[PDB]
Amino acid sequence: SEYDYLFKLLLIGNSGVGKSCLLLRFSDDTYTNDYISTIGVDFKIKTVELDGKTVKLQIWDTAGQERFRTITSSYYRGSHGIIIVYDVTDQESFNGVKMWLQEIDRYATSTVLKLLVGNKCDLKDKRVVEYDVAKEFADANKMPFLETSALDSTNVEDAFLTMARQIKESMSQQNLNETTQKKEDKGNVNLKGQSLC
């Protein structure tokens, strides 16, 4: 159906922090304990109503390529926003955010929006990354911050809606126009379309 804007979002962060579960909670409203999938999530499409506008989101997941840090230029192509995730119970995953920010600086556009998410906030006894420390770091890297739980749903919908709003409100008029339904055709060919011998 119709939409006002179409945005491309990415999830990134260390293996095991809950990126795939966050996407599945937002897209399918489901959560599987001890999640393990033979076939990894590719991307999900969700249309949301945002402050009076219909926003279609194509949200990409890593397919496990972050395990040994093997994600390069292709994943970042055409991205409008990137959600960087860490696990509040894993200090190294928070330390890893610095490296992911360097990757984003290298491959994504300088105007890409970023959001920091500290996941697994339901594990209150095992938290090691303090909210204030993560908030200070997010402020220092120009990005909003939310702690989430794909397991119990805490802030999951709000994390994705926050990123959709960041993009919609920050884009220049020219960049926002490029995401409208009228400008969906970029002049590329459809390999599945019927021939024009």
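Quick note: we count residues from 1 along the sequence shown, nothing fancier.
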Checklist entry - What size is the break between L191 and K192 in terms of deposited sequence residues left without coordinates: none, 1 to 3, 4 to 9, or 10 or more? => result none
Checklist entry - Mean C-alpha B factor from the entry: is it higher for 156 to 164 or for 30 to 38? => result 30 to 38
Checklist entry - Out of 121 to 129 and 81 to 89, which stretch has the higher average CA B-factor listed in the record? => result 121 to 129
Item to check | Residue with highest C-alpha B-factor in the PDB entry, from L9, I12, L176, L24 | outcome: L176
Checklist entry - Of the options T70, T62, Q58, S170, which has the highest CA B factor as deposited? => result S170
Checklist outcome for this item: By the entry's values, the third containing the CA B factor of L115 is the lowest
Checklist outcome for this item: Entry-reported C-alpha B-factor of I45 relative to its chain, by third, is middle
Checklist entry - Lowest, middle or highest third: where is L146 by C-alpha B factor in its chain? => result middle
Next on the checklist: Please place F94 in the lowest, middle or highest third of its chain according to the CA B-factor in the PDB entry.
Outcome noted: middle
